[PDB]
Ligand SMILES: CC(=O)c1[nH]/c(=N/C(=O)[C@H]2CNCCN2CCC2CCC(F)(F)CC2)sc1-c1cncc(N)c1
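A lone chain, given as structure tokens: the form solved without the ligand.
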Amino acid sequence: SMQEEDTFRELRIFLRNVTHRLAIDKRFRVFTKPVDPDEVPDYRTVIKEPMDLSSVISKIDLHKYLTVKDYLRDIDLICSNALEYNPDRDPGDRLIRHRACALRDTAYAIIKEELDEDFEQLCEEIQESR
């Protein structure tokens, strides 16, 4: 229905606003763009599904996310890729892990405050009906 297409358009507006607030935070610059194959040729042999905030913006616009749960799976994949690729006691590795945990925690905190639980439940019930 028209009501249902309006629901998904509101979800896209909400997700684009959250994503741009993450992407301007100086701590999260390393998560804003795909890893350059050149600079890190080893990255794609270890990390089987790369994800970054620019790709997330592209996916919103392609209608890839019909719920906030499916959006948060890609934020979780950004964070878990960084934890897996940078696991050592080095200060460089510990700094990126600290930033990756802060990106995940910041995303979940914005959504907990600003998302209405009945709005997400409606998206989940339209998705289940298709």
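Heads up: residue numbers just count along the shown sequence, starting at 1.
Q: Taking the mean of the C-alpha B-factors per stretch from the entry, tell me the winner out of 11-19 and 109-117.
A: It is 109-117.
Q: Using only C-alpha atoms and the B-factors in the entry, which stretch averages higher, 96-104 or 39-47?
A: 39-47 has the higher mean C-alpha B-factor.
Q: When the CA B-factors of 70, 52, 88, 76 are compared as recorded in the entry, which is the largest?
A: So the option with the highest C-alpha B-factor is 88.
Q: Within this chain's modelled residues, let me know which third the CA B factor of residue 27 belongs to: lowest, middle or highest.
A: It falls in the middle third of the chain.
Q: Split into thirds by Cα B-factor across the chain's modelled residues, where does residue 33 land: lowest, middle or highest?
A: As the PDB entry reports it, the C-alpha B-factor of residue 33 lands in the highest third of its chain.
Beyond what is shown, the protein has a form deposited with the ligand bound; the following relates to that form.
Q: Only counting heavy atoms and a 4.5 Å limit, does any residue of 61-96 reach the ligand in the deposited bound form, and if so which ones?
A: 82, 85, 86, 90, 92, 93, 95, 96 sit within 4.5 Å of the partner.
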